[PDB]
Every structure is written in structure tokens, then in C-alpha cells.
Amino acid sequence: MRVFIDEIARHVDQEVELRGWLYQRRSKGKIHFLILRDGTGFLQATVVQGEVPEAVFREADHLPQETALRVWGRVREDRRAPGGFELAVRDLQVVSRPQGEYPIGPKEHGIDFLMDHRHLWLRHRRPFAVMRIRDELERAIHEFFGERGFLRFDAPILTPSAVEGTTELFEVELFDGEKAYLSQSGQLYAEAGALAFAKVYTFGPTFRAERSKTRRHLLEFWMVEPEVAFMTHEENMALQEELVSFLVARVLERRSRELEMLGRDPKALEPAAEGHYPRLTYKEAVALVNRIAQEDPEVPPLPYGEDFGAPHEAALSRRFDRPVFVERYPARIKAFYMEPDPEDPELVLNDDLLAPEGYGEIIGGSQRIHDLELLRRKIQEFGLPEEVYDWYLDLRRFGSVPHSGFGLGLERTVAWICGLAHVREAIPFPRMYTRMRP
């Protein structure tokens, strides 16, 4: 029967068929050494002369990289093998030979070349591990919220309303000269969903007109955006903590093989899986940065009332063994929808969660304004056209309740967990400022 390498362990001492590709080959003496990939793993295959037809054995000398194979043999247990098993080959059929030289040969390549050949690179072990961890998180997100009786609620991609500032917005031409924007966040719609279904979350693509090539920016990425009716600022942070803890615990438990392949230390992720996340006010945070900055001139200082930069977040996150919250920022550097702190009219009830080891923001959230008139002032204070947000105001006119929510950047979470050098490695086909292909 045809099996998958993923489950070769439960086919020990049995006749099996594999369908896959030739990853590597060495031919010396009276034995061929093969590594086969099938898409679910990598397995050692040995072709010994006598045990195979001479028509086969001569063919196994002229097999280039990424040759398509069908392979028949018996599975044997062996400690000195990638996985602890091997295939003793008995017969072999070639489905196709490479039409040219395989571009990603046994040489070191620069990231630029690798990303130019991303459609081929995805075959290799490191992307293999990443994509499987991405899959694990995507499944695990659905289970988490399903068990909590949350409803998935797909926010529209085409939108008239801006969410996070007029500065960076893509435009789409429609019919008869009409235009619309590409969603930067589906939050506004998630709120409507919240007042309708109590517990909702979006899980769709989002688009920012970013103009940098930093290790944490893409033009296209995926955002998970929960929203809950009646939920406070405090409850929001607790939920975020519950989520991140579960995700990391799930990766540690089920994807330990993949972590190994990425050379990531599990002991550096266990703390994040166990909750008890530290917590700072913005003020305490700015003060801790200014301490670090005075001891290290590479870390820049931060004047109070100014917005955090990546090095600020980076330095701050290295002080903790797990993600740290930063809360109660000044209203003037935040968003129009954010609820004022009842104690201090300068602050809003928001939070960002920073990933450890220098990674920075993985989540941004807040409590929302529920008072109609307060919202109206905020709109035009931010200089936003009131007309466009009239459906958003309806949510305050009818059935208005306190409510909170956040948005988790999936790529950034993937980069952190896998320990990658850039978010572009965390998605199949990245879209950056200067990278629109393939």
C-alpha cells in the first residue's frame, strides 16, 4: 500500500510504496545512499546491488536532484537514520527527470536568490518546518475559540472606512470610476459582529501601505481579531494571555520535531506557554527604556509622550522570559476608537503585547468607546469624515454596550515561535515593499 513518511513508524517490517522526490544521493561501492522527500517528511533509502534489478541499479547512478520517483521496499528500524527508520529498496520507477539543473544545489545561497526561487525553496527542510508550524497554529486558533463558544465572523476585505490612520491605504479601482480601500483591519465590522453574536473573531488578510523592509513589516499579512461584548480592558489582557499561552503550548507538544529542524531551543518557549505574563504601564515602560538607554548607547532614549520604536520594544522585551504587556498609553498617539481612562483624561485603556527575545509587538488591542457623543468628538478631532462612519455610530445608537478586542499578527507570532530573522519567511509568498514576485 502507498504510505506517507509522516507515519512510516507504524509500517515497520512491511511492504510499502512511496511517492516522492530525490532530496540527496551518494553513489559509492555496491550501494546507493538516498534521502527521499514525499512532502510529509524525509527518509533514508538504500539500494544494494543484487537486491534490485541491474536495470534499476544502473539508473540509480544518473538520478539528479528533485527527480520524481515511485519506490517499493520494506521498512527497517535503524537508530543512525533521520527519523529512526529506513527503506530497503527493492524496485524503483522514475516519473520525470529535471529539465535543466535544479537551481538550489548543494551550495550556500543568499536570501535574495532563495526568495526569488520561493516556489522551489518551500520544498526544503527549514520552510517545511515553518509551514507545518503555521498550519498547527491555524488549526489551533479554530479549536481554541470553538471550545469557548466564539463564532468565526469574516470581515470584508473591500472597505470605505479606514481604521489605523489615513497615512497608509491602498486603493482599488472598481466599476464606472468608483474606488474602495484594502482592509488594514476588520475590527470595525467585528464590533457589529460582537453586538450580534457576543463572542466573535476575524481571521483574514490585512493590508498596510508600509514603506520599509524591516524584519517585522509586510504589505500583506493575516490578522486574528477577536471582539467580545461586555468585556473590559482588564478581561481583554487576560484573554490575550490565555490565547498566546495555548498556541505556544500546542506548538511545543505537537511540533517538537519541527522545532528541532529549526534549531530552536524549547526551553526558551516553555515560559510563554505557562501564563503569568508581566505588565507595565506606558510610564513605567518609558522609564525602564531610559534606564537601558543610559547603560547602552545603542538603545535610544524615549521622551515621554512619544511613540515606541522597534529598538525600544526590542530592548524592553529582553528584560523578560516571556511576553510583557504595556498598557495605558497617551490618547494623542493612539486611535480614535480607544476608550479614555476614567482616572486620567490623558490616557486610553489600551495594551500592546511584546514577544520576548527582542521580537516586539505581536498584539495590539483596547477597550472601545460606547458613548455616542464622546465618539462623535473623537471622529472629527482625528479629522475623519463623519459620514463614512455612520454605520459605526449606529452601534452606539442601538444596543450600545462596553466591549473590548485585539488583533494578533500571525506572521510575527510565527517568526517569534520559529525564531526566524524576518516575517517574510513566515508566509508562503510574501509581499514586501520591493518584493512582489513570485
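In case it trips you up, residue 1 is the first one in the sequence shown, and so on.
Of the two segments examined, 231-239 and 162-170, it is 162-170 that shows the higher average Cα temperature factor in the deposited entry. Higher average CA B factor: 210-218, of the stretches 128-136 and 210-218.
Per the deposited record, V16 carries the highest C-alpha B-factor of all listed residues (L22, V16, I427, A415).
Among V56, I35, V401, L408, the highest C-alpha B-factor in the deposited entry belongs to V56. In this PDB entry, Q99 carries a Cα temperature factor that places it within the highest third of its chain's modelled residues. The deposited CA B-factor of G105 belongs to the middle third of values across its chain.
The deposited CA B-factor of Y337 belongs to the middle third of values across its chain. Placement of the Cα temperature factor of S256 within the chain: middle third of the modelled residues, per the deposited record. Annotation for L288: C-alpha temperature factor in the middle third relative to the rest of the modelled chain, per the entry.
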